[PDB]
Amino acid sequence: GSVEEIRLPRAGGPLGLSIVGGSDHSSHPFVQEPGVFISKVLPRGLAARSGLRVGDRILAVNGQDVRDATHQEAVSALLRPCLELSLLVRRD
Amino acid sequence: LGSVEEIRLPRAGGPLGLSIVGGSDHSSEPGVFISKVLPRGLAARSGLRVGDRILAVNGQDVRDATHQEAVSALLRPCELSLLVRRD
Amino acid sequence: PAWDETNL
Amino acid sequence: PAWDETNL
């Protein structure tokens, strides 16, 4: 397996991705340990162009661990003020 | 702030998922310009972007390579390690 | 079963 | 200004 760094050069504002899951969920639809997952990537959006993929489990956001994060904790981390948005992910 | 970055592309033997334009045999800065990166392709997954310039491929310098010389470098016979310049 | 999906 | 483009 591999850990992968996917970096989104933000115009910031829209990322073009959706997430499901988090530590506050006792299950997810992707792989059986709780976590936050990419559940959607808009085909012509930033995340898609940058190589993000449905099924990616988000491990960290700009260095911040989100393996155990609640859903809202992961949302807050992803919405940090504009920079390159560096996602450490794993595909189970 | 500009950067130089080492990007590894694990080729399956099929497509890389990127296009290049230019080269030392065209009038229009070193290296090979990446002109398209398919979102679903390996290049996108590996971190490559439109506007990146390829300076080296697996230790072969391509800063002053012609278009065909850069194509050959990228299609070297069956882990593609690219040194790229990014603004 | 249903999971909230947050679009960003 | 017309540059060859190759898809790879």
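Letters go in sequence order (proteins before strands), and every chain restarts at 1. The figures that follow rest on heavy atoms only: side chains count, while hydrogens, waters and symmetry mates do not.
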Any donor-acceptor N/O pair, A:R10 side chain to A:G13 backbone, under 3.5 Å: no

For the pair A:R53 (side chain) and B:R40 (backbone), establish whether a donor and an acceptor sit closer than 3.5 Å, ignoring hydrogens and angles. yes

I need the minimum non-hydrogen distance between A:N62 and A:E84, along with the two atoms involved. OD1-O, 3.2 Å

Going by atom types only, do B:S27 and D:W3 share a side-chain donor-acceptor pair under 3.5 Å? no

Taking the side chain from A:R67 and the backbone from A:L59, do they hold a donor-acceptor pair closer than 3.5 Å? yes

Joint cluster assignment, B:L9 & B:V71, ILVMFWY side-chain distance < 4.5 Å: yes

Side chains of C:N7 and A:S18: do they bring a donor and an acceptor to under 3.5 Å? yes

Measure from the side-chain N and O atoms of A:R80 to the backbone N and O of A:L85, and report whether any donor-acceptor pair falls under 3.5 Å. no

Checking side chain to side chain contact (heavy atoms under 4.5 Å, CB included) against B:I54, which of B:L48, B:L83, B:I34 comes through? B:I34

Side chain of B:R45, backbone of A:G51: donor and acceptor closer than 3.5 Å? yes

Between B:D87 (side chain only) and B:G51 (backbone N and O only), is there a donor and an acceptor less than 3.5 Å apart? no

Going through the checks in order, is the side chain to side chain contact (heavy atoms under 4.5 Å, CB included) test met by A:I19 and A:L78? CA-CA 10 Å; A:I19 55 159; A:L78 287 163; 4.2 Å; yes

Measure the acute angle between the ring planes of A:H71 and A:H25, then classify it against the limits of 30° and 60° as parallel, tilted or perpendicular. parallel

Smallest separation among heavy atoms of B:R76 and B:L80, with atom names: CD-CD1, 3.6 Å

Run through A:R90, A:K40, A:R91 and flag the one making a salt bridge (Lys or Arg N to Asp or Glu O under 4.0 Å) with A:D56. A:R91

